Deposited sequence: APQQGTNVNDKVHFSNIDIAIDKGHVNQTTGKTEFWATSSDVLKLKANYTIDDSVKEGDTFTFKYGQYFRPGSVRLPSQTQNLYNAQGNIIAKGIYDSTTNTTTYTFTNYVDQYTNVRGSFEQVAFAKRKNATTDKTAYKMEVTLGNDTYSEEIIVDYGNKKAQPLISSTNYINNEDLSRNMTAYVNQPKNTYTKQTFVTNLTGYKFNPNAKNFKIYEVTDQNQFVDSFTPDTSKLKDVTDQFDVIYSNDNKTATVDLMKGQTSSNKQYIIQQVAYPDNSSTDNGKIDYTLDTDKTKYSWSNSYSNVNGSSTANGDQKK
């Protein structure tokens, strides 16, 4: 059918943080994206009677805002009435950050259609990069625009030689796509052995998704743990990733080719659930100490 963005009217648009965390100094509520918070998009809507099956409308999400959670959004996004009948079937496209909805025959069977929705949403981590920074969360529902600034904190700890986080959970296979940051403080080491141990997941050695990048600018370390890899220096082939424990352990000597190094690394990985969907533990063995970071998951 035809684009009926001008016939679908959204009001009381809101973006909330659930649950939200307090900044311990300033007392403002913030989006702590690695401490269980999500965003919630809400709105009321009315649909004009001139709407028919096959007509379409869009949700356009801005550069810092997207549907979904830590887990990437489904391509399927439906608009349901209060009893669970499908008013419209939608297709989310991550390339355009837009959902395109198509009305069902529901609108041909009912008039004066009015309701409301709630949707779990998140930061677009690639663009909303930096701790304690306010980002503009923007959506356009039909032709109705809304923007609100949200303060994000991912909890990067830049003084840590080793820190890791979930970049995203894959919606289709539930793989944990991980980011680890090695040597943010730019210390100098003669030993630098990087180990990941999985509980409840496995690596796939042949999937070619264990990537090692050599940081050339400190700002490539984005607090969001979703770096733009197309601009990083890919040095994966210069290292030997060694698997063991039935592909549940990967060990890498980051000192390879050197006796002393102040190099800094971003490492990305894919850990596939064994079956539910576990623990991922990292260690970095150095001259003086063994650093640890764990991420734990229900």
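Undergrad: Need the unmodelled segments of the deposited chain, numbered from 1, in order.
TA: Since the structure holds only modelled residues, the stretches it omits are 1-4, 280-281, 284, 306-319.
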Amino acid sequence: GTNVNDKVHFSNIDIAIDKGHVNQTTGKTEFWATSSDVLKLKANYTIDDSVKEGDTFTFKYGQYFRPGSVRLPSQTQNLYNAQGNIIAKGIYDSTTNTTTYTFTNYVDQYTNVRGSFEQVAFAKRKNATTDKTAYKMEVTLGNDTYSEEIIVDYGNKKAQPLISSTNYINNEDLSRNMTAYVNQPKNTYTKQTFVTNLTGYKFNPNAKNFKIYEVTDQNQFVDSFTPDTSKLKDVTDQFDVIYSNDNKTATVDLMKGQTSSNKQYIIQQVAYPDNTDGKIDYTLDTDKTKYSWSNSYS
From here on, numbers count along this sequence of modelled residues.
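Undergrad: Which has the higher mean CA temperature factor in the PDB entry, 233-241 or 265-273?
TA: Of 233-241 and 265-273, the stretch with the higher C-alpha B-factor average is 233-241.
Undergrad: Would you mind comparing 242-250 and 33-41 for me and telling me which has the higher average C-alpha temperature factor in the entry?
TA: If you average the C-alpha B-factors of 242-250 and of 33-41, the larger mean comes out for 242-250.
Undergrad: Per the entry's Cα B factor values, which of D173, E148, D153, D108 stands out as the maximum?
TA: Comparing C-alpha B-factors across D173, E148, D153, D108, the top value belongs to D108.
Undergrad: Among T179, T140, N85, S74, where is the Cα temperature factor highest, going by the PDB entry?
TA: If I rank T179, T140, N85, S74 by C-alpha B-factor, first place goes to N85.
Undergrad: Comparing against every modelled residue in the chain, figure out the third that the C-alpha B-factor of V222 lands in (lowest, middle or highest).
TA: Answer is lowest: the recorded C-alpha B-factor places it there.
Undergrad: Give the position of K256 by CA B-factor within its chain, expressed as the lowest, middle or highest third.
TA: Within its chain, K256 is a highest-third residue by C-alpha B-factor, going by the deposited values.
Undergrad: In terms of the chain's CA B-factor thirds, is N183 lowest, middle or highest?
TA: It falls in the middle third of the chain.
Undergrad: If you rank the chain by CA B-factor, which third does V113 end up in: lowest, middle or highest?
TA: Highest third - that is where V113 ends up once the chain's C-alpha B-factors are sorted.
Undergrad: Comparing against every modelled residue in the chain, figure out the third that the C-alpha B-factor of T129 lands in (lowest, middle or highest).
TA: According to the entry, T129 has a C-alpha B-factor in the chain's lowest third.
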